[PDB]
Structures are given as structure tokens and as C-alpha cells.
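Excluded from the calculations below are hydrogen atoms, water molecules and symmetry mates; all remaining heavy atoms, backbone and side chain alike, are included. Chain naming here is simple, since letters A, B, ... match the order of the sequence lines and numbering starts at 1 in each.
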There are 2 protein chains.
Amino acid sequence: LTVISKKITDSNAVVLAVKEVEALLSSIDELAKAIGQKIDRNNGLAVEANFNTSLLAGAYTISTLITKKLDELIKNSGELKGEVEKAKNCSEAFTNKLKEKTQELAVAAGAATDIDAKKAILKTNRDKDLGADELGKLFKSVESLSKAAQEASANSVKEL
Amino acid sequence: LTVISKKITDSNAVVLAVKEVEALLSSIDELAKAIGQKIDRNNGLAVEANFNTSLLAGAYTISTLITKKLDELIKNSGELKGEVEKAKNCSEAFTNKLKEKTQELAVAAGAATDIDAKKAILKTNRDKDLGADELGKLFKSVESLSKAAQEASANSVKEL
């Protein structure tokens, strides 16, 4: 069926666009892993602490690409327009909190401390006041948008 | 058709897994954008140079997650097993080159220069000798694996 085909196609590009953002979110989690680290030829990472300024600059730029993908998805989001819009607003709030905190996160001579950096990009830190709180709100909202997997998978399992 | 359904499902999880890696690759490109930068409350990023050690540590950890996703995909890759395996080998070569270059990329007190960092993670730098060459080989090979879009899209456009 032509329309039934076009439906499996629409719900396809929707999960695709959402996974792209999940993957960008996952890379901010890898960045948190590299807080106060250096590449280590035997161990992968060794400790080289209290120099996280540019590392944070890279989480900032990734966060602005996530907002962009959330935003472009809205026009193609269909019934999940609502969930996309609240996903994107979380992403903007994360980016805005990092910008508020340049005193702690944007330190001269590279030297944003590990303690401050974890308060920005480590979902699980106890102190979350430099962006970490918003990062977690953004994961949860994108994880609820990813309910679009059940939506699309049911589209194809319109075999009944 | 049950089997024809199962085929649209298989080719679905294949593009999904590939987009996840494309997105992880794209985040290394954002990291390159933040080479020698800091968050800037008016401008997004301002210049704070020659302190890129941990930033590079984060590209390292992301690169090891890409190999992992390429590797897990092989068992579910079907006819594109061949293209997945050469994608993963590029990813391992990128990660191995970063490890070779700890003298330049893993500098004490945070201070890996912008010049050396671009030779590792900036696809388009002229000098590519600290990983940048392998990063580009990995993009191209994953971009050819993403030919799995035509594969899957033709599966669904088995409407004839």
C-alpha cells in the first residue's frame, strides 16, 4: 500500500533523527570521562588535572549542534511535535547554563578545574549547578522522545 | 509478508547503527572546532590557546566507543559485513595513532598545542600526521558503509 509504505518511511526518518541526537548526547558522556585526563600510550587515559577549558568548549559546541537537530526535526515530527519541542528547550537550557558559568568553565591558560567541569557535564555528579542538572533533564527528555521507536516499530508491525 | 517484514526490520537496525557512528564521528569534528577555544558568554567561543590535552583525551575516548559500535554491528551486518569490517579497522587505526603520539597530544599541565591537535583531529588540516589522516580514512569508509541507506530504502521500496 502506497500510503502505508509512506508511513513506514516517515516513522523511519524520525527514529533516525532521534538516534543522531542520542549519539551526540553519548559523546558528552565520553567527554566527562576525559575530565582531567590525558591520552596514555599504555592505559588509554592517565591523570593530568585542572586543565579542562577547551574540553568544555567542545561540549559547548556539541550542545549547539544538538539544539540544531532537535529544531530541524520539528517540521518532520508529525504527532511527536510536542515531545520534540520540549526536547529542544531542554537542549537550549543546557547550552545557556554553560554560557552563564564562564567564570568556572572558561578559565584562562586552560585551567578549568575537574571539580567545576563535573558540575557541568557529568550527569551523575552530586553537585549539578554548572549545567549538569540541565544535561540530565535533556537526556531524560530525549529518552522519552525516543518512544518514537515504539511508534515506528508498530507502523511496520501494521502486518495485522 | 512475514519474511518481507523481517527484512525491512533488519535493514532498519543497520542504518540505525551506522547513523549512531556517523553522529559520534560528527562530534569529533565539533571537538576540532573547540581546539584552542573557551566558552564565551557573548560569542560562544573565544580564543584560549595551547591547552588542548584533555580535549584530545575526549576525542580518544569517543574513538574507542566508535570501534565498539562498529564491532557489535558485525554480527547483525548481513551482506554488509565486509564494509563494516573495513570501517572498524579504520577506527582502530585512528585510535592507535593517537596513542603513538602522546608526546605531542598528551602534554603535561594541559598544554597540547593547537598546531599539534589539528594534526590529530581536524580532517582538513594540511599536516595530518598525528591522526588526522586516519580520521579522514575513517569518515570515508563509514560514509561508504552508509550506502546501507540505499540497501534499506530499496527493501521498503519492495512495493513492486
| Looking at A:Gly58, A:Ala108, A:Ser54, A:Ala32, which has the largest count of heavy-atom pairs under 4.5 Å with chain B? | A:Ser54
| said: Between B:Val21 and chain A, with a heavy-atom cut-off of 4.5 Å, which part of the residue counts as in contact: side chain, backbone, both or neither? | reply: neither
| query | For B:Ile62, is it the side chain, the backbone, both, or neither that has a heavy atom closer than 4.5 Å to a heavy atom of chain A? | reply | both
If you measure from the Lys or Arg side-chain nitrogens to the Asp or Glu carboxylate oxygens, is any gap between [X] and [Y] under 4.0 Å?
X	Y	result
B:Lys137	B:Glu134	no
B:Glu30	B:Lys33	yes
B:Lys7	B:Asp10	yes

| request: For residues B:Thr102 and A:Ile39, report the shortest heavy-atom separation together with the two atoms involved. | output: CG2-O, 3.9 Å
| query | What parts of residues 109-120 of chain A touch chain B if we use heavy atoms and a cut-off under 4.5 Å? | reply | A:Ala109, A:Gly110
| field | Atom pair CG/CG of B:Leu31 and A:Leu31 - distance to nearest 0.5 Å | value | 5.5 Å
| task | Hey, could you give me the NZ/CG distance between B:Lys128 and B:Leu122, rounded to the nearest 0.5 Å? | result | 8.5 Å
| When you look at B:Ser146 and B:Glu22, which way does the side-chain hydrogen bond (donor to acceptor under 3.5 Å, both in side chains) test go after all the steps? | CA-CA 9 Å; B:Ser146 201; B:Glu22 290 173 48; 2.7 Å; yes
| Where does A:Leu65 contact chain B at under 4.5 Å (heavy atoms): side chain, backbone, both or neither? | side chain
| request: Let me know if A:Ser26 has heavy atoms under 4.5 Å from chain B in its side chain, its backbone, both or neither. | output: side chain
| request: Return the option, out of B:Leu55, B:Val107, B:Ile28, B:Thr53, with the maximum number of heavy-atom pairs under 4.5 Å with chain A. | output: B:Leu55
| message | According to salt bridge (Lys or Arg N to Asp or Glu O under 4.0 Å), who are the partners of A:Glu104, at least two apart in sequence or on a separate chain? | response | none
| query | With a cut-off of 6.0 Å (strictly less than), are more than 12 heavy atoms of other residues, nucleotides or ligands near NZ of B:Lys140? | reply | yes
